[PDB]
S.K.: 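Can you read through this structure? Questions will come right after.
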Amino acid sequence: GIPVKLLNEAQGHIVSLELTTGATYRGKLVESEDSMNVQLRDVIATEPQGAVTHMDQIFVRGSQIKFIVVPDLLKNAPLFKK
Amino acid sequence: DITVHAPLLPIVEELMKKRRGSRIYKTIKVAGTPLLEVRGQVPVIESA
Amino acid sequence: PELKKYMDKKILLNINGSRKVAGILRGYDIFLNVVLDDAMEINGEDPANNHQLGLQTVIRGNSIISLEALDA
Amino acid sequence: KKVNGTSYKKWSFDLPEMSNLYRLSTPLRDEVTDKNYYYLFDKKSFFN
Amino acid sequence: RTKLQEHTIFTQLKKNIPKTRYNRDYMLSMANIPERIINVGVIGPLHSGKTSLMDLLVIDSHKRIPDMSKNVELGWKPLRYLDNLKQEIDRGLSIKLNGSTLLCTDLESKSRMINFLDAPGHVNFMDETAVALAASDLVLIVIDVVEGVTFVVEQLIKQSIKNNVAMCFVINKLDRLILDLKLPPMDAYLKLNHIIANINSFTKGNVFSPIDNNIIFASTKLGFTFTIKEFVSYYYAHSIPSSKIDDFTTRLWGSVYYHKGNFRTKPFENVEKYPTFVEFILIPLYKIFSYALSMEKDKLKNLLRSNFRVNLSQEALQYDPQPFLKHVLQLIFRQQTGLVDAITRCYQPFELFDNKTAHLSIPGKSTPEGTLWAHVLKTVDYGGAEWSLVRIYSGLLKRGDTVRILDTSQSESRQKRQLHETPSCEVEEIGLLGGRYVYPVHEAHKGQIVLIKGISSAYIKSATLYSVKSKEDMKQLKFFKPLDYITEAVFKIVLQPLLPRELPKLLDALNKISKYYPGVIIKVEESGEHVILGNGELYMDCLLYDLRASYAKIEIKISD
Amino acid sequence: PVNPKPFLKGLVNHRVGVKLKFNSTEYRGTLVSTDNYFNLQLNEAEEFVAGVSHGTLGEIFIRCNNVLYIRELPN
Amino acid sequence: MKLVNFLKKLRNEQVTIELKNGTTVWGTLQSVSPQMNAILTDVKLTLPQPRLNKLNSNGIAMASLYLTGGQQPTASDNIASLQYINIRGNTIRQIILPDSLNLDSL
Amino acid sequence: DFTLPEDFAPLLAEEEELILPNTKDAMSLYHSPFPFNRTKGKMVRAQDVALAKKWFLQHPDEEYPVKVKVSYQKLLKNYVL
Amino acid sequence: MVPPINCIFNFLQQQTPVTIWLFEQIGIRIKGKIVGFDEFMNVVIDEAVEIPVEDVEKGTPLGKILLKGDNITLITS
Amino acid sequence: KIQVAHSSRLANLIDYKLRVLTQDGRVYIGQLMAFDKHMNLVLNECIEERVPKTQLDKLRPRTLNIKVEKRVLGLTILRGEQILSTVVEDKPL
Amino acid sequence: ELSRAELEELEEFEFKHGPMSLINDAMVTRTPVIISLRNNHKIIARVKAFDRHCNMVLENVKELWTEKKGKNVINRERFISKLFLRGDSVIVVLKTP
RNA sequence: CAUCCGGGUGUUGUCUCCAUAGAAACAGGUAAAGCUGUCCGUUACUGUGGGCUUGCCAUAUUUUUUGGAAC
Ligand SMILES: Nc1nc2c(ncn2[C@@H]2O[C@H](COP(=O)(O)OP(=O)(O)OP(=O)(O)O)[C@@H](O)[C@H]2O)c(=O)[nH]1
Ligand SMILES: [Mg+2]
């Protein structure tokens with residue numbers, strides 16, 4: 001269905017994750033899976049305490065993702081057409 | 001590389017005899033078609 | 001489960017609780033159960049507070065939050 | 001349903017009719033389906 | 001008004017550039033992302049249907065094309081969109097390299113910008129095929145069922161393996177088994193097996209089969225392409241549990257037989273059976289052909305509604321047999337998304353881009369992304385002006401930027417000087433390749449193929465395009481080799497103006513010929529005559545036509 | 001090499017102890033029945049909280065998702 | 001097998017639901033999906049005040065209740081009222097059924 | 001091993017036969033030149049049906065005498081002009 | 001490549017002693033031998049002892065247990 | 001204030017401005033573009049609103065104003081597993 | 001795996017032989033169970049139905065739960081007539097003597 | 001460079017054959033006509049019945065819907 005397809009149609013753009021643990025990650029979406037697993041590159045990261053760091057590359061399990069932020073351009077991608 | 005209907009191979013080999021230095025090396029029976037693929041050679045000066 | 005890029009690198013691994021562990025990844029499956037090597041509980045400041053866990057270690061996949069290829 | 005009307009301007013047949021007309025037309029119909037037949041015997045080669 | 005009918009059908013007015021079905025700005029917005037661009041070279045033998053395959057992809061991308069006559073909408077005549085030179089229209093033949101940039105979507109709904117380059121199929125235009133191989137990441141090798149894997153296909157496979165590009169094969173003109181040769185379906189399955197086995201004989205280690213979706217079946221006259229994955233997605237996936245789909249897909253080829261929900265690797269005893277591909281794929285295609293040509297229309301539309309969920313309009317039901325067959329097949333086989341999925345799944349950059357770059361340049365470490373670095377593949381006559389076909393291999397290029405151009409014929413000595421001076425140009429205009437138009441843009445990015453209007457005077461045949469910000473960047477710079485045109489020129493004409501007064505015009509024109517035709521060799525004798533070497537008689541006919549008709553526009557004597 | 005479902009099948013009519021995931025609670029009782037989802041029915045049970053024996057109970061049904069571990073007691 | 005299809009019978013009843021977080025939801029039942037997703041109209045949400053006053057547990061529930069957009073200034077005990085709500089099936093603990101229902105038919 | 005529902009069957013399996021009685025005629029008509037590949041059209045004037053034209057656009061039978069051959073050639077001259 | 005469940009089996013056949021970590025319950029680990037393994041990673045542990053989080057001195061013995069897969073964080077050598 | 005027909009399903013609410021609750025007590029407000037089997041949601045021009053602990057105590061029982069914090073988010077996919085309940089805020093304009 | 005009719009009869013077999021048969025005995029006997037819920041509430045009620053997921057329509061409900069006001073601790077005793085109960089919230093069912 | 005024999009499409013008018021429910025009751029207006037308004041038939045919430053553009057029909061045991069919760 002459309003939301004998993006939008007997360008696939010987001011690959012190669014910069015996305016922002018928030019997790020159940022309260023961490024936040026922002027970076028280039030290298031790969032995404034139908035299970036909502038994602039891999040990010042050149043990742044700005046943030047702790048639940050609000051402390052900030054940077055890391056090269058990450059993988060995240062789908063179940064722990066709270067929401068994903070996608071570039072506003074995609075509202076006119078061909079995915080949403082009837 | 002010559003593609004021709006199989007019963008007309010005598011004409012093709014006659015032409016390859018008329019041209020100087022030309023020779024036929026292999027004939028491929030193109031499966032499931034009436035065609036043959038005939039592989040050979042001819043000099044460039046003779047190719048006009 | 002596209003872990004192939006990591007499949008013999010040193011991976012740090014967030015797990016349920018708040019307890020980072022780390023090791024050389026050795027294998028994975030459809031649930032993200034992971035098996036990893038030279039396994040260390042990363043409890044804190046390394047020279048006394050961490051713990052080497054054993055020659056083999058395997059994780060039930062639901063317990064992984066996230067992982068990082070510190071050696072790319 | 002075969003012709004637009006008595007002004008007799010447009011027609012539309014079925015497959016059995018067109019087959020029967022084609023079969024009757026054997027003397028005066030063309031039967032050269034192979035387009036390569038007209039190599040150097042066509043309009044533009046005559047022009048050249 | 002400038003008019004171009006004497007040389008090419010081309011759209012001069014921006015208001016008449018056709019509207020895409022997709023939003024075109026969205027396609028540009030993903031040009032920034034190298035992972036979203038695939039460059040596809042459509043190569044294959046003479047008359048394989050490559051331009052027709054492109055005609056399929058062009059029509060499905062646009063709302064209305066001004067050049068569509070009703071003969072083309074109804075499918076009596078091919079559109080031949082990319083064959084847009086007057087000379088190509090007259091010969092019925094692709095002569096020069098053309099292409100289009102299209103937003104394409106796979107069976108999973110993910111989009112790519114795809115740049116397609118349509119190589120000429122005639123054997124004497126193999127220079128253009130070499131340019132296509134150089135430019136392309138993946139190659140669609142189009143072959144027709146009838147002649148199949150010929151020696152030309154063998155060499156195209158070999159050159160593709162040499163050029164480090166992903167091969168994908170389109171088996172075209174399946175109607176010719178059904179309608180021309182009139183094979184019964186079992187014999188047609190055996191024919192396709194013979195073709196696919198012959199393909200595998202020359203692809204050294206890599207295995208090609210339909211269940212791997214490296215094989216696409218097509219009839220670009222009747223407007224359809226399909227893969228096994230595409231067909232089961234459209235018409236069988238809804239009728240089995242979703243976990244079974246890929247395993248059902250895996251069993252639709254080879255020596256597999258089926259009966260009442262059970263499979264075997266041998267035929268069943270009590271009833272004689274065809275294989276699974278024949279039962280589930282090929283016999284339905286044969287039945288679509290037969291019934292669309294010869295069933296009563298009301299029964300036909302009832303069958304199509306019950307089976308394929310396609311409704312026929314009243315105007316479509318009035319169509320003649322070949323337009324109606326095309327219309328029904330196009331309703332059934334849905335916009336070529338399984339071809340885009342095959343292209344998508346067959347090419348992995350991780351295994352190929354480094355090898356391709358190391359083949360076209362010297363081997364070494366990766367280019368720093370602070371540097372612009374691009375391959376100027378050829379000079380092209382496109383519309384009212386010449387352009388340079390460029391693949392951007394790294395960095396960004398901006399409109400109006402000042403950039404340095406080195407001809408590839410100097411690359412070897414310059415590289416030896418690297419291990420132990422270049423002219424510069426302003427990039428006046430940049431435009432996407434659009435077939436019968438050029439769509440202007442302000443930027444071009446890594447992995448993209450694009451036309452560039454300013455740099456064409458700094459090289460003859462091909463060039464390296466680069467821009468740097470540090471002397472250390474210059475020390476790390478790689479230069480592209482002179483390009484391997486597959487056939488050596490051995491067919492010679494000696495050439496002289498009819499009136500010696502007109503010699504300088506011929507000199508300008510011969511420079512233009514040497515630029516535009518990649519494989520041609522032009523040299524001047526001490527006798528004062530000009531010597532042209534070409535691949536063969538049609539090649540010489542084409543370039544001498546260009547000399548007389550477009551470029552020199554004078555009378556020219558020639559030897560036998 | 002005894003597998004989990006055969007082990008619980010063997011444990012029927014034996015006096016087992018089950019500690020829950022919550023409230024530091026353990027039930028000790030005779031195992032009556034078990035299913036594919038490892039739900040438990042026990043008889044003549046007793047409730048222990050942190051090891052203090054609250055009171056004995058009749059028949060008991062413990063839902064599968066609540067258990068931490070099951071053990072056989074000394075018999 | 002049967003018991004989600006029991007809930008599907010209950011259309012237009014003024015059922016009353018307690019979510020796992022502890023908030024109580026009165027309203028008119030328009031639909032129940034096969035995944036137990038329930039739709040209510042003419043809905044009143046509430047948190048019972050003996051539970052509510054322990055902030056440490058009920059902060060999440062209170063914050064959610066206010067951010068519905070339907071909490072008026074507190075006449076009493078943190079009531080909200082809204083025309084339409086969709087509730088995820090997993091989130092339900094209890095459904096109090098209407099007192100007049102003839103369960104023996106179902 | 002792998003299996004699927006017992007009533008699963010291919011597309012268009014309810015219609016038993018592949019070749020209908022008219023299929024041979026439809027295949028013959030499909031390849032014919034104009035107008036026989038059509039099933040609709042506009043009426044033409046009777047004087048606009050060039051019946052004999054298709055003969056001399058093609059090569060004559062080689063055995064024909066000289067007067068016939070030059071007749072073919074001259075009619076081609078008229079057509080080209 | 002070693003599949004994770006095959007590694008669990010390689011704990012099982014060699015009968016090697018191992019330590020197991022609970023899911024969200026931080027303050028305990030469990031030591032013993034893996035006797036049984038599963039499709040859902042339920043495990044049967046013999047000579048089991050729970051140990052706090054620090055060492056074997058403070059532990060208390062459990063006997064033979066079935067530990068339900070929903071609670072396993074780690075298995076370690 | 002908005003009123004929507006008793007025709008029950010979420011599929012009718014495409015392009016309506018939803019406000020969507022989650023297990024952690026924030027609310028996401030945006031135009032619904034799509035929904036899924038799992039109730040994964042796509043909200044365009046999205047806003048997350050959240051009650052900080054500094055004024056969370058003002059909701060305790062005793063003319064009232066809460067200074068809630070608001071956050072901009074772009075075209076959010078929301079994981080259905082987290083979504084607590086859904087309310088409709090405005091019709092498509 | 002198995003056919004639909006076989007799964008139907010298998011559900012009947014499981015309800016009679018399996019651990020769920022404690023609830024079935026109370027349902028058929030029309031005698032009240034006691035149910036410790038996940039939120040430490042204890043329902044006392046008569047069962048009218050149940051399913052695979054341990055959801056259960058209840059009637060004649062009484063619902064004990066406890067609260068504390070500083071040092072003091074107090075009981076609440078709500079009565080309900082007819083109640084659906086989602087099965088995931090169930091710790092442990094009893095059958096009273 | 002023209003003439004001639006013919007052709008397509010659109011609009012409007014006219015002619016021929018064949019037709020009817022209706023509120024075709026009334027007013028405004030244009031290069032034309034519901035172009036526009038008052039108006040009329042019934043339907044928007046249900047019980048019997050056809051079709052699909054959907055969901056259950058396929059899911060309690062690791063990535064969503066059968067709670068690591070409760071404090
Ligand atoms: N029967 C049949 N004919 C086809 C099919 N596809 C193309 N053709 C015909 O084949 C001829 C060649 O068409 P092109 O599309 O130009 O083929 P090409 O591969 O581009 O050949 P080049 O011009 O040499 O590059 C045309 O007359 C087409 O009508 C097909 O699928 N079936
Ligand atoms: Mg071509």
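Just so it is clear: chains get the letters A, B, ... in the order the sequence lines come, proteins before strands, and each one is counted from 1. Hydrogens, waters and symmetry mates are skipped; everything else that's a heavy atom, side chains included, is used.
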S.K.: Keeping G/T23 on the side-chain end and G/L19 on the backbone end, is there a donor-acceptor pair under 3.5 Å?
M.R.: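 No; zero donor-acceptor contacts below 3.5 Å.
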S.K.: If you look at every strand shown and take non-hydrogen atoms under 4.0 Å, does I/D70 touch a base, only sugar-phosphate, or nothing?
M.R.: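 Answer is base: heavy atoms of I/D70 come under 4.0 Å of a base.
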S.K.: Positive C1'-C2'-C3'-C4' counts as north, negative as south. Which one applies to L/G50?
M.R.: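 Torsion sign positive, so north.
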S.K.: Using a 4.0 Å heavy-atom cut-off, does F/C64 contact any base of the nucleic acid, only the sugar-phosphate backbone, or nothing at all?
M.R.: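 Base contact.
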S.K.: Side chains of A/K5 and A/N8 only: does a donor on one sit below 3.5 Å from an acceptor on the other?
M.R.: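 The criterion, which ignores hydrogens and geometry beyond distance, is not satisfied for A/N8 and A/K5.
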S.K.: Does the side chain of I/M41 come within less than 4.5 Å of I/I72's, by heavy atoms?
M.R.: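 In contact.
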S.K.: If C1'-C2'-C3'-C4' is positive it's north, if negative it's south, so which is the sugar of L/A24?
M.R.: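 Negative torsion, so south.
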S.K.: Kindly say whether L/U66 and L/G49 qualify as a Watson-Crick or G-U pair under the rule that both distances are below 3.5 angstrom.
M.R.: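 No.
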S.K.: How should the glycosidic conformation of L/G68 be described, syn or anti, under the criterion that syn lies within 90° of 0?
M.R.: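 Syn conformation for L/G68.
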S.K.: Please list, in 5' to 3' order, the outermost nucleotides of RNA chain L lying under 4.0 Å from any heavy atom of chain I.
M.R.: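 On RNA chain L, the outermost contacted nucleotides are L/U61 to L/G68.
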S.K.: Thinking salt bridges, do K/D88 and G/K20 make one under a 4.0 Å N-O criterion?
M.R.: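 Yes, K/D88 and G/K20 are salt-bridged.
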S.K.: Is a side-chain donor-acceptor pair under 3.5 Å present for G/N58 with G/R51?
M.R.: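 Side-chain D/A pair, G/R51 to G/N58: present.
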S.K.: Just checking C/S63: base, sugar-phosphate only, or nothing, at a heavy-atom cut-off of under 4.0 Å?
M.R.: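 Nothing, no nucleic acid heavy atom in range.
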S.K.: Which residues pass the ring pair (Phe, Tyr, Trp, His ring centres under 6.0 Å) test with H/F2, not counting sequence neighbours?
M.R.: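 Ring pair (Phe, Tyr, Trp, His ring centres under 6.0 Å) list for H/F2, sorted by chain: E/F263.
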S.K.: So, do L/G51 and L/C52 stack if we ask for centres under 5.5 Å and planes under 30°?
M.R.: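 Pair L/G51, L/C52 comes out stacked.
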S.K.: Syn or anti for L/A27, given that syn means the glycosidic angle lies within 90° of 0?
M.R.: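 Anti for L/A27; the angle lies over 90° from 0.
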S.K.: Kindly label the base of L/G34 as syn or anti, based on whether its glycosidic torsion lies within 90° of 0.
M.R.: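 Glycosidic conformation of L/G34: syn.
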S.K.: Heavy atoms under 4.0 Å, any strand shown: does G/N56 hit a base, just sugar-phosphate, or nothing?
M.R.: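 Here G/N56 touches no strand at all.
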S.K.: Are L/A31 and L/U9 a base pair, Watson-Crick or G-U wobble, with both contacts under 3.5 Å?
M.R.: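 The answer is no: L/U9 does not partner L/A31.
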S.K.: Quick check on L/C35: from the sign of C1'-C2'-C3'-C4', north or south pucker?
M.R.: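 Positive torsion, so north.
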S.K.: State whether a side-chain donor-acceptor pair under 3.5 Å links G/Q14 with G/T28.
M.R.: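 Yes, side-chain donor-acceptor contact under 3.5 Å.
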S.K.: Contact between K/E14 and F/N36 at the side-chain level, heavy atoms closer than 4.5 Å - yes or no?
M.R.: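 Result yes, sub-4.5 Å side-chain heavy-atom pair found.
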S.K.: When we call it a touch if two heavy atoms are under 4.0 Å apart, what does C/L32 touch: a base, just sugar-phosphate, or nothing?
M.R.: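 C/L32: base contact, heavy atoms under 4.0 Å.
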S.K.: Would you mind classifying the nucleic acid contact of I/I72 as base, sugar-phosphate or nothing, using non-hydrogen atoms under 4.0 angstrom?
M.R.: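 I/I72: no heavy atom of the nucleic acid under 4.0 Å.
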S.K.: If you look at every strand shown and take non-hydrogen atoms under 4.0 Å, does G/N37 touch a base, only sugar-phosphate, or nothing?
M.R.: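 Base: the residue G/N37, judged by heavy atoms under 4.0 Å, touches a nucleobase.
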S.K.: Is L/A21 a north or a south sugar when classified by the sign of torsion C1'-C2'-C3'-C4'?
M.R.: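 Judging by the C1'-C2'-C3'-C4' torsion, which comes out positive, the sugar of L/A21 sits north.
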S.K.: Kindly state whether the bases of L/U53 and L/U54 qualify as stacked, with ring centres closer than 5.5 Å and planes tilted less than 30 degrees?
M.R.: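 Between L/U54 and L/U53 there is no base stacking, as the criterion is defined here.
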S.K.: Let me spell it out: for each of J/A5 and K/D88, pick the nucleotide of RNA chain L with the closest heavy atom. Which residue's pick is nearer the 5' end?
M.R.: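 The answer here is J/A5.
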S.K.: If each of J/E81 and I/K68 is mapped to the nucleotide of RNA chain L with the nearest heavy atom, which maps nearer the 5' terminus, i.e. the 5' end?
M.R.: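 The 5'-side residue here is I/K68.
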S.K.: Can you tell me if L/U63 puckers north or south, using the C1'-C2'-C3'-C4' torsion sign?
M.R.: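 Positive torsion, so north.
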